[PDB]
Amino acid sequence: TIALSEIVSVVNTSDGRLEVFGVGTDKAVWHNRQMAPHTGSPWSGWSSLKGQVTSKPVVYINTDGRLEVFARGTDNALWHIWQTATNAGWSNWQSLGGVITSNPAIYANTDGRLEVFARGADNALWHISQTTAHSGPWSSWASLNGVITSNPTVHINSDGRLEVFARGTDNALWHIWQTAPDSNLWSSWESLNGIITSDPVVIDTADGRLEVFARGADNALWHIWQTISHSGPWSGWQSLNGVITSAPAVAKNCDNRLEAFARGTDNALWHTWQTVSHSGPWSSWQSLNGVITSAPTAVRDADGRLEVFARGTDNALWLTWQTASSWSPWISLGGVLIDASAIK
(Lines of atoms letter the chains of each structure in order from A and count residues from 1; the text may use other names and numbers.)
(Lines give C-alpha, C1' and ligand atoms only; values in the text may rest on other atoms or scores of the structure.)
Protein backbone atom coordinates (compact mmCIF):
# COMPACT_ATOMS: atom_id res chain seq x y z
CA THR A 1 0.00 0.00 0.00
CA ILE A 2 0.83 3.68 -0.40
CA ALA A 3 -0.67 7.02 0.76
CA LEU A 4 -3.63 8.24 -1.33
CA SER A 5 -2.35 9.42 -4.69
CA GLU A 6 -2.56 12.62 -6.73
CA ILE A 7 -5.62 12.32 -9.01
CA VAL A 8 -4.31 14.56 -11.89
CA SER A 9 -1.15 15.28 -13.84
CA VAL A 10 -0.62 18.99 -14.49
CA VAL A 11 1.80 21.19 -16.38
CA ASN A 12 2.36 24.86 -17.24
CA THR A 13 2.35 24.61 -21.11
CA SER A 14 4.46 26.39 -23.75
CA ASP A 15 1.89 29.17 -24.05
CA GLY A 16 1.76 29.66 -20.23
CA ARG A 17 -1.62 28.02 -19.62
CA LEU A 18 -2.13 25.27 -17.01
CA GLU A 19 -3.42 21.97 -18.35
CA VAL A 20 -4.61 19.02 -16.18
CA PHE A 21 -5.16 15.41 -17.14
CA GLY A 22 -7.26 12.93 -15.21
CA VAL A 23 -9.24 9.71 -15.56
CA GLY A 24 -13.03 9.70 -15.90
CA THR A 25 -15.60 7.12 -14.77
CA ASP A 26 -15.43 5.74 -18.31
CA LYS A 27 -11.64 5.08 -17.90
CA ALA A 28 -10.84 7.58 -20.67
CA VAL A 29 -8.26 10.31 -20.20
CA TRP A 30 -9.88 13.73 -19.92
CA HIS A 31 -8.15 17.07 -19.84
CA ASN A 32 -8.91 20.73 -19.00
CA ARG A 33 -6.92 23.90 -19.67
CA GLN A 34 -6.79 27.59 -18.94
CA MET A 35 -7.98 29.89 -21.74
CA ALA A 36 -5.51 32.53 -20.65
CA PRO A 37 -2.00 32.48 -19.12
CA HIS A 38 -2.98 33.86 -15.69
CA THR A 39 -4.12 32.98 -12.22
CA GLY A 40 -7.91 32.73 -12.17
CA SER A 41 -8.29 32.26 -15.95
CA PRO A 42 -11.43 30.57 -17.15
CA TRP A 43 -11.13 26.93 -18.03
CA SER A 44 -11.94 24.92 -21.15
CA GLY A 45 -14.01 22.39 -19.15
CA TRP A 46 -13.42 18.68 -19.43
CA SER A 47 -13.02 16.96 -22.82
CA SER A 48 -12.09 13.38 -23.50
CA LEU A 49 -8.93 12.19 -25.33
CA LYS A 50 -10.65 8.75 -25.17
CA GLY A 51 -8.51 5.63 -24.56
CA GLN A 52 -9.09 3.09 -21.79
CA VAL A 53 -6.43 3.37 -19.07
CA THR A 54 -5.32 1.28 -16.12
CA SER A 55 -2.79 3.66 -14.55
CA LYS A 56 -2.54 7.29 -13.66
CA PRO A 57 -2.01 9.10 -16.95
CA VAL A 58 1.03 11.35 -16.85
CA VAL A 59 1.63 14.31 -19.15
CA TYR A 60 5.17 15.48 -20.06
CA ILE A 61 6.33 18.37 -22.27
CA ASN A 62 8.63 17.46 -25.20
CA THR A 63 11.64 19.72 -25.73
CA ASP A 64 9.78 21.15 -28.78
CA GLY A 65 6.81 22.24 -26.58
CA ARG A 66 4.38 19.44 -27.52
CA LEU A 67 2.48 17.65 -24.78
CA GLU A 68 2.61 13.85 -24.61
CA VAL A 69 0.51 11.75 -22.27
CA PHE A 70 1.59 8.25 -21.07
CA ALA A 71 -0.57 5.61 -19.45
CA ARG A 72 -0.90 1.82 -19.06
CA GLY A 73 -3.62 0.34 -21.26
CA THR A 74 -6.10 -2.52 -20.77
CA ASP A 75 -3.54 -4.95 -22.29
CA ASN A 76 -0.96 -3.78 -19.65
CA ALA A 77 1.22 -2.14 -22.27
CA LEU A 78 2.50 1.39 -22.15
CA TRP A 79 0.40 3.64 -24.42
CA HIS A 80 0.75 7.24 -25.42
CA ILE A 81 -0.89 10.09 -27.29
CA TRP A 82 0.80 13.41 -28.30
CA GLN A 83 0.02 16.85 -29.70
CA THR A 84 0.76 17.10 -33.41
CA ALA A 85 1.72 20.72 -32.60
CA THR A 86 1.60 23.03 -29.53
CA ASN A 87 -1.70 24.69 -30.60
CA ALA A 88 -3.20 21.84 -32.72
CA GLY A 89 -4.87 18.55 -31.91
CA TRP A 90 -3.72 15.14 -30.79
CA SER A 91 -2.39 11.98 -32.46
CA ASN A 92 -4.15 8.67 -32.19
CA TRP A 93 -3.42 6.55 -29.13
CA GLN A 94 -0.41 4.34 -29.90
CA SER A 95 1.06 1.37 -28.03
CA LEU A 96 4.72 1.26 -26.95
CA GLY A 97 4.23 -2.36 -25.92
CA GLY A 98 5.69 -3.98 -22.78
CA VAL A 99 3.83 -5.30 -19.79
CA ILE A 100 4.01 -2.93 -16.87
CA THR A 101 2.72 -2.84 -13.28
CA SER A 102 3.08 0.85 -12.21
CA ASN A 103 2.27 4.32 -13.43
CA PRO A 104 4.81 5.56 -15.99
CA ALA A 105 7.50 8.03 -14.90
CA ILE A 106 8.85 10.36 -17.62
CA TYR A 107 11.81 12.71 -18.15
CA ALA A 108 13.64 14.31 -21.05
CA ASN A 109 17.32 13.50 -21.46
CA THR A 110 19.63 16.41 -22.12
CA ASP A 111 19.57 15.37 -25.79
CA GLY A 112 15.79 15.80 -25.95
CA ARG A 113 14.89 12.10 -25.92
CA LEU A 114 12.05 11.28 -23.57
CA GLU A 115 12.71 8.22 -21.39
CA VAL A 116 9.87 6.36 -19.66
CA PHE A 117 10.36 4.17 -16.49
CA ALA A 118 7.80 1.64 -15.27
CA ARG A 119 7.74 -1.43 -13.02
CA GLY A 120 7.45 -4.81 -14.83
CA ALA A 121 5.63 -8.05 -13.90
CA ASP A 122 8.92 -9.20 -12.32
CA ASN A 123 8.78 -6.03 -10.11
CA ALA A 124 12.01 -4.68 -11.62
CA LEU A 125 12.32 -1.18 -13.01
CA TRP A 126 12.06 -1.18 -16.82
CA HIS A 127 12.62 1.63 -19.34
CA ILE A 128 12.22 2.69 -22.95
CA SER A 129 13.26 5.85 -24.86
CA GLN A 130 12.69 7.97 -27.93
CA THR A 131 15.50 7.12 -30.39
CA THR A 132 15.77 10.84 -31.49
CA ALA A 133 14.75 14.12 -29.85
CA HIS A 134 11.00 14.65 -29.19
CA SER A 135 10.08 11.93 -31.71
CA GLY A 136 9.35 8.30 -32.39
CA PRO A 137 10.35 5.69 -33.09
CA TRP A 138 11.26 4.32 -29.65
CA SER A 139 13.90 1.90 -28.35
CA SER A 140 13.02 -1.56 -27.28
CA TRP A 141 12.20 -2.11 -23.56
CA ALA A 142 15.09 -3.04 -21.19
CA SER A 143 15.41 -3.59 -17.43
CA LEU A 144 17.29 -1.74 -14.72
CA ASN A 145 16.59 -4.57 -12.28
CA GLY A 146 15.71 -4.02 -8.62
CA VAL A 147 12.54 -5.09 -6.80
CA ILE A 148 10.27 -2.05 -6.24
CA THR A 149 7.07 -1.59 -4.23
CA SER A 150 5.87 1.94 -5.17
CA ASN A 151 5.41 3.92 -8.37
CA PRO A 152 8.91 5.10 -9.48
CA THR A 153 9.73 8.79 -9.88
CA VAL A 154 12.45 10.18 -12.17
CA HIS A 155 14.25 13.51 -12.10
CA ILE A 156 17.32 14.95 -13.75
CA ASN A 157 20.42 16.12 -11.89
CA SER A 158 22.04 19.48 -12.46
CA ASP A 159 24.78 17.75 -14.54
CA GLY A 160 22.24 16.09 -16.80
CA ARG A 161 22.10 12.54 -15.40
CA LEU A 162 18.67 11.02 -14.82
CA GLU A 163 17.97 9.55 -11.43
CA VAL A 164 15.10 7.29 -10.50
CA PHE A 165 13.56 6.76 -6.98
CA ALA A 166 11.30 4.02 -5.74
CA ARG A 167 10.33 2.22 -2.50
CA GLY A 168 12.14 -1.12 -2.02
CA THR A 169 11.06 -4.47 -0.51
CA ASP A 170 12.47 -3.30 2.86
CA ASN A 171 10.27 -0.17 2.63
CA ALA A 172 13.34 2.08 2.35
CA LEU A 173 13.79 4.71 -0.33
CA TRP A 174 16.02 3.32 -3.08
CA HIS A 175 17.63 4.97 -6.07
CA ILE A 176 19.64 4.44 -9.27
CA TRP A 177 21.22 6.92 -11.69
CA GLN A 178 22.68 7.43 -15.10
CA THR A 179 26.47 7.58 -15.00
CA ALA A 180 26.50 10.08 -17.84
CA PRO A 181 23.86 12.20 -19.55
CA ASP A 182 21.80 10.55 -22.31
CA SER A 183 23.43 7.19 -21.41
CA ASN A 184 22.33 3.61 -21.09
CA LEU A 185 25.00 3.23 -18.43
CA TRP A 186 23.51 3.21 -14.93
CA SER A 187 24.80 2.86 -11.40
CA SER A 188 23.92 0.03 -8.98
CA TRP A 189 20.74 0.27 -6.95
CA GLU A 190 21.53 1.95 -3.58
CA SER A 191 19.47 2.45 -0.41
CA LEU A 192 18.76 5.79 1.20
CA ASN A 193 17.16 3.90 4.17
CA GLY A 194 14.10 5.29 5.95
CA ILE A 195 10.67 3.68 5.99
CA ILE A 196 8.34 5.37 3.46
CA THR A 197 4.51 5.05 3.24
CA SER A 198 3.91 7.10 0.05
CA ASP A 199 5.30 7.33 -3.46
CA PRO A 200 8.43 9.53 -3.41
CA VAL A 201 8.21 13.09 -4.79
CA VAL A 202 11.50 14.48 -6.19
CA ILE A 203 12.43 18.06 -6.95
CA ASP A 204 15.61 19.94 -7.83
CA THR A 205 16.53 22.81 -5.56
CA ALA A 206 17.61 26.22 -6.86
CA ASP A 207 21.16 25.31 -5.88
CA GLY A 208 21.15 22.14 -8.04
CA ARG A 209 20.46 19.34 -5.53
CA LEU A 210 17.88 16.54 -5.72
CA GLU A 211 15.53 16.51 -2.70
CA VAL A 212 13.03 13.74 -2.09
CA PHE A 213 9.88 13.91 0.00
CA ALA A 214 7.75 11.08 1.32
CA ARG A 215 5.31 10.21 4.05
CA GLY A 216 7.08 8.21 6.81
CA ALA A 217 6.06 5.37 9.08
CA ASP A 218 4.89 7.93 11.64
CA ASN A 219 2.70 9.64 8.96
CA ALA A 220 4.82 12.77 9.12
CA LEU A 221 6.28 14.34 5.96
CA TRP A 222 9.99 13.46 5.72
CA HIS A 223 12.65 14.63 3.29
CA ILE A 224 16.25 13.88 2.38
CA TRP A 225 18.64 15.46 -0.14
CA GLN A 226 21.92 15.55 -1.98
CA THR A 227 24.38 17.69 0.05
CA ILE A 228 26.29 18.84 -3.05
CA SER A 229 24.96 19.83 -6.45
CA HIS A 230 24.37 16.56 -8.36
CA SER A 231 26.40 14.53 -5.92
CA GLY A 232 26.46 12.60 -2.68
CA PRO A 233 26.77 12.38 0.19
CA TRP A 234 23.08 12.56 1.00
CA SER A 235 21.80 14.14 4.24
CA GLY A 236 20.08 11.92 6.74
CA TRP A 237 16.31 11.85 6.75
CA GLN A 238 14.69 14.87 8.45
CA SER A 239 11.08 15.27 9.52
CA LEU A 240 8.84 18.16 8.43
CA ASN A 241 6.30 16.98 11.05
CA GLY A 242 2.52 17.00 10.29
CA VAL A 243 0.25 14.00 10.19
CA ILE A 244 -0.71 13.46 6.60
CA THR A 245 -3.41 11.29 5.11
CA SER A 246 -2.26 11.39 1.41
CA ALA A 247 0.84 11.59 -0.75
CA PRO A 248 2.55 14.97 -0.56
CA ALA A 249 2.85 17.39 -3.55
CA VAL A 250 5.80 19.82 -3.71
CA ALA A 251 6.37 22.88 -5.93
CA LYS A 252 8.60 25.89 -6.21
CA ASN A 253 7.37 29.37 -5.59
CA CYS A 254 8.76 31.79 -8.19
CA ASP A 255 11.52 32.81 -5.76
CA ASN A 256 12.40 29.11 -5.43
CA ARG A 257 11.04 28.59 -1.90
CA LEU A 258 9.73 25.00 -1.72
CA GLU A 259 6.20 24.46 -0.51
CA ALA A 260 4.62 21.12 0.37
CA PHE A 261 0.97 20.24 0.37
CA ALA A 262 -0.97 17.22 1.69
CA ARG A 263 -4.28 16.17 2.99
CA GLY A 264 -4.52 16.27 6.84
CA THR A 265 -6.33 14.11 9.45
CA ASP A 266 -9.41 16.35 9.14
CA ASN A 267 -9.35 15.83 5.33
CA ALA A 268 -8.50 19.49 4.76
CA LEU A 269 -5.61 20.61 2.59
CA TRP A 270 -2.61 21.58 4.64
CA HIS A 271 0.77 23.06 3.70
CA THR A 272 4.18 24.02 4.97
CA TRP A 273 6.74 26.18 3.15
CA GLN A 274 10.23 27.52 3.34
CA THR A 275 10.38 31.00 4.79
CA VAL A 276 12.77 33.87 3.86
CA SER A 277 14.48 32.18 0.86
CA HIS A 278 15.12 28.87 -0.85
CA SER A 279 17.77 28.14 1.87
CA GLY A 280 15.43 29.10 4.75
CA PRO A 281 13.63 27.08 7.46
CA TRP A 282 10.27 25.41 6.98
CA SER A 283 7.09 26.89 8.46
CA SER A 284 4.61 25.11 10.77
CA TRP A 285 1.82 23.28 8.98
CA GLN A 286 -1.24 25.44 8.34
CA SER A 287 -4.70 24.61 6.97
CA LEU A 288 -6.06 25.70 3.59
CA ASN A 289 -9.44 24.22 4.45
CA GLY A 290 -11.57 22.27 1.97
CA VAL A 291 -12.58 18.63 2.26
CA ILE A 292 -10.61 16.54 -0.13
CA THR A 293 -10.67 13.02 -1.44
CA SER A 294 -7.22 12.74 -3.14
CA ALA A 295 -3.74 14.02 -2.62
CA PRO A 296 -3.32 17.59 -3.81
CA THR A 297 -1.42 18.48 -7.03
CA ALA A 298 0.56 21.72 -7.08
CA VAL A 299 1.92 23.81 -9.97
CA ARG A 300 3.35 27.29 -10.49
CA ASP A 301 1.36 29.31 -13.12
CA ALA A 302 2.43 31.96 -15.63
CA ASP A 303 1.93 34.77 -13.06
CA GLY A 304 4.41 32.85 -10.74
CA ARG A 305 1.67 31.75 -8.35
CA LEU A 306 1.05 28.28 -7.00
CA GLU A 307 -2.20 26.68 -7.88
CA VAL A 308 -3.41 23.52 -6.09
CA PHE A 309 -5.91 20.95 -7.40
CA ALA A 310 -7.60 18.19 -5.40
CA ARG A 311 -10.61 15.93 -5.85
CA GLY A 312 -13.57 17.06 -3.74
CA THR A 313 -16.37 15.21 -1.90
CA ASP A 314 -18.50 15.23 -5.09
CA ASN A 315 -15.54 13.74 -7.08
CA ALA A 316 -15.09 16.92 -9.01
CA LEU A 317 -11.72 18.66 -9.28
CA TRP A 318 -11.48 21.74 -7.11
CA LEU A 319 -8.85 24.46 -7.16
CA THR A 320 -7.34 27.05 -4.82
CA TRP A 321 -4.44 29.43 -5.61
CA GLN A 322 -2.15 32.03 -3.96
CA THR A 323 -3.30 35.66 -3.64
CA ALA A 324 -1.31 38.66 -2.32
CA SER A 325 -2.79 38.29 1.19
CA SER A 326 -3.78 34.64 1.42
CA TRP A 327 -5.19 31.81 -0.76
CA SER A 328 -8.39 32.00 -2.79
CA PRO A 329 -11.65 30.26 -1.86
CA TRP A 330 -11.96 26.73 -3.19
CA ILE A 331 -13.76 26.61 -6.56
CA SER A 332 -14.99 23.66 -8.54
CA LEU A 333 -13.78 22.72 -12.07
CA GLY A 334 -16.51 20.04 -12.18
CA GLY A 335 -15.87 16.63 -13.74
CA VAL A 336 -16.07 13.24 -12.12
CA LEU A 337 -12.57 11.80 -11.54
CA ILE A 338 -11.32 8.46 -10.40
CA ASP A 339 -7.99 7.22 -8.96
CA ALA A 340 -6.62 4.86 -11.63
CA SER A 341 -3.16 4.48 -10.02
CA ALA A 342 -1.62 1.12 -11.07
CA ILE A 343 -0.19 0.87 -7.52
CA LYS A 344 -2.38 1.78 -4.53
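Each form is matched to the other, and the largest set of C-alpha atoms that superpose within 1.5 Å is called the rigid core. Start at 1 and count along the sequence shown; that's the residue number.
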Inset, instruction - Any chance you could tell me whether 86-94 or 242-250 drifts more in 8 other deposited structures of this protein, judged by RMS CA distance from this form after superposing on the core? - result: 86-94
Inset, instruction - Identify the stretch, either 62-70 or 271-279, whose C-alpha atoms have the larger mean B-factor according to the entry. - result: 271-279
Legend entry - Which of 149-157 and 184-192 has higher mean CA B factor, as the PDB entry lists it: 184-192
Inset, instruction - Report the option among 77, 202, 260, 85 whose CA atom has the maximum B-factor in the deposited record. - result: 85
Inset, instruction - Could you tell me which one of 102, 123, 94, 129 shows the highest CA temperature factor in the PDB record? - result: 94
Inset, instruction - Divide the modelled residues of the chain into thirds by Cα B-factor and specify which third, lowest, middle or highest, holds residue 309. - result: lowest
Inset, instruction - Looking at the entry's B-factor column for C-alpha atoms only, identify whether residue 221 ranks in the lowest, middle or highest third of its chain. - result: highest
Legend entry - residue 237 - Cα temperature factor, lowest/middle/highest third of chain: highest
Inset, instruction - Comparing against every modelled residue in the chain, figure out the third that the C-alpha B-factor of residue 297 lands in (lowest, middle or highest). - result: lowest
Legend entry - Third of the chain, ranked by Cα B-factor, where residue 168 sits: middle
